[PDB]
Every structure is written in structure tokens, then in C-alpha cells.
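Given next, in C-alpha cells, is a single chain: the form deposited in one PDB entry.
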């Protein structure tokens, strides 16, 4: 068998865990919180190969352990491992069917149309900051992407506080099993009430457009629209928030590079792209399954086994980025673009939106508060117990 790395449910030392995963790769055996063994791809080149390999599918019917009844229905990760049917959980024909309209709404041109609104919201959130020291996550980095995605999907703003409480339970490794299914049921309920509303009273949002497209069949069922809405709201906020948080942390801990960006010697896109490579919001993505045995390095991923993609660990792969891969350097040149938005047919359709949001938020923040810095030592920052995401509990900032 294998060396098997149990991922820390409390995310106490992500840097060490990522390094261990690289050391064990390209195909590392891991244990997910809750005791579930899977494989992880932890090197850049091998991940790109597996992300485009037709033997590595989203279809959970390929999962041996699932078919054998080994996966608890109240596993806290069950909402990531077995979400409702959407573009996320299919390949090929059905993937094109389920992705096309959403992806079309998020092209660079269509995102550029959102710039004014995103900019106005960014500036309003900066206007509302109160006190010398703020939790910049709760007061800025969290609300901007949640308001953007909620508006895109037709979600009533009045529901956002409750959605925030449900996502906290969805993501936490520490949510009691007895609360797991109820959280999933209530989240699905909010998305279903949103679909019902936009069917009755269609607007200019993407949910309204999905419904109006699927009227004369061949497009998405209501159940698929509900799952798609949950996928969009979750994917669109969780990650973008951590991108903005991690960019501020990285500039605060690398003040010589912050000085380059504030003086115009480096551009804000370089900060966003290096944050995505060095410190991706998404440490791991669940989940793919092998239809056949697949060689990965000197190991075999057996048919019916599962694969997570360890974007966090592979972002610092020295084979891809050279001997400085383990450092934050907005000036780097790499022969290999990061793959923190994925690769192959499932590559993130929201990448342009996330880049616009961070690309507006970060210069706006530092234009308002040029002297902003962490209000605590960087070593006091703490990851939330969210094994797939690189999310902090808070971002204490002295605004200046």
C-alpha cells in the first residue's frame, strides 16, 4: 500500500500540509476528515494531465466506496462529494448542456458590463468602515462577492444573513453530523424559493434567464437550476472572499512588494495572479473518479477510486515555477501559468468575474487606506476548519 496523509480538519498548518502533499506526490494517498481515503494529485503537470483525462470523471456512480455504502450520509463533506446534478457533476454532452448559458453570462465582455456596479458597491463598503481597526473580512472582503453573486443569481438580499449561517455549517469540518443534512435541505430550499420567484416574476438576473431558456425543454430542469444556483452562489462568494483576504495578507507580509504596487512599479493583476498561485482560495477540489486504472507517476490510480485536485499544494510546485515557487513574488515570471481556476472542460467559468472583483476591490482599498496593515502579527491569523478552502476566521486591519 501507501503512506497516507490525514488532512487536518482544523487546518492548523496549511503550509506544512501542502508541503507534505507535494512530497508524497504526484499522486498522494490522503484521508479526508471523517476517515475517507482518497487520492490527491499534488503536482502541477500531473494535475493538468488528470484534469483533461477522459478516464477521470465527475460521475459518482464510478465511486467504488460510494456503491459499497462506505460513505456516511451525514458526512460533513457530503455536500461537496455529492451535490445535486449540475455542470459540476457531469462531463461531455451533459456538461455543455448544463454550463453553456452560465458561462456565456460570465465572459470578459459581460463581466466588464458589471464593473460600474461592482465599483459602486466596493466604494460603498469602504465608506461604511467604522473604527481604527476593523475585521476587513467581515466588513469588506466577505460582503462584496456575496452581494455580487446574489445580484447575479436573483437572490433576495434579505436572505443573505441566513445563507451566511448555513454556509458556515456547510463548510465546517466541526458541524455535528446531526446538522449536516438539515443544512443541505435548508440551503436547497432557499435556492428553490429563488427559482420559484424568478419563474413567476422574471427579472434581468441569470436565474430568470436559465428558466426562460429551459421553458421549451432540452436545457435545464428546475432541479438542475436549483443545484446550479447553489453552485454559483457558493463558488462565487467563498473563493473570491479568500482571494481578497489573501492578497491583503500577502502584501502586508511582503511590504517591499506592497511598495512596488502602490508606486506603480508592479500592477494589481500581478498581485491577484500571484495570490492565486501562492495562496489559492481553494486548497482542494472534490471529486473525480477513475473509470479505469490510470498511471500517475510511479503509482496507479485504481479504477473506482477517487481523486481530489490539491490546487493549494501544487501552486508551489518547484517543477512548474522553479526554486522560488514556495515564496510570494509578484515580480515572478513562470514558464507555467497557475491552474488555480482549474484546467480542461471544467475550468472556472467565473475567473473573469473573480479577477474583476479583486481587481476593483484591492486598488480601491489601498487608494482609500494607503497605510493599512495587519492589526495582529501574521502568525495570529488562523484558518477556519474548512479542509477544502483556505479561509481565515478574521482579517484584523489597522486602516490608518
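Numbering follows the first chain given and starts at 1. Shifts are known only where both forms have a C-alpha. Just so we're on the same page, rigid core means the largest C-alpha set that superposes within 1.5 Å between forms.
What comes next is about the form deposited in another entry, which does not appear here.
* Residue among 310, 228, 280, 240 with C-alpha shift of 2 Å or more between this form and the one not shown, core superposed -> That would be 228.
* Asked: Is residue 322 among the residues whose Cα moves by 2 Å or more between this form and the one not shown after superposition of the rigid core?
  -> Moves: no, less than 2 Å.
* Classify residue 139 as shifted (yes) or not shifted (no) between this form and the one not shown, where shifted means its C-alpha moves by 2 Å or more with the rigid core superposed. => After core superposition, the displacement of the residue 139 C-alpha between this form and the one not shown stays below 2 Å, so no.
* Asked: On a core-based superposition, does residue 171 travel 2 Å or more at its Cα between this form and the one not shown?
  -> Yes, the C-alpha position differs by at least 2 Å between this form and the one not shown.
* To do: Answer with closer or farther for the CA-CA spacing of residue 109 and residue 202 in that other deposited form compared to the shown form; it moves by 3 Å or more.
  => Closer, not farther.
* Asked: Do residue 286 and residue 155 move together or apart in that other deposited form, judged by C-alpha distance changing 3 Å or more?
  -> Farther is correct, given that in that other deposited form the C-alpha spacing of residue 286 to residue 155 is increased by at least 3 Å.
* Upon rigid-core superposition, which contiguous segments of at least three residues exhibit Cα shifts of 2 angstroms or more between this form and the one not shown? -> The segments that shift (3 or more residues, C-alpha shift of 2 Å or more) are 96-106, 149-230.
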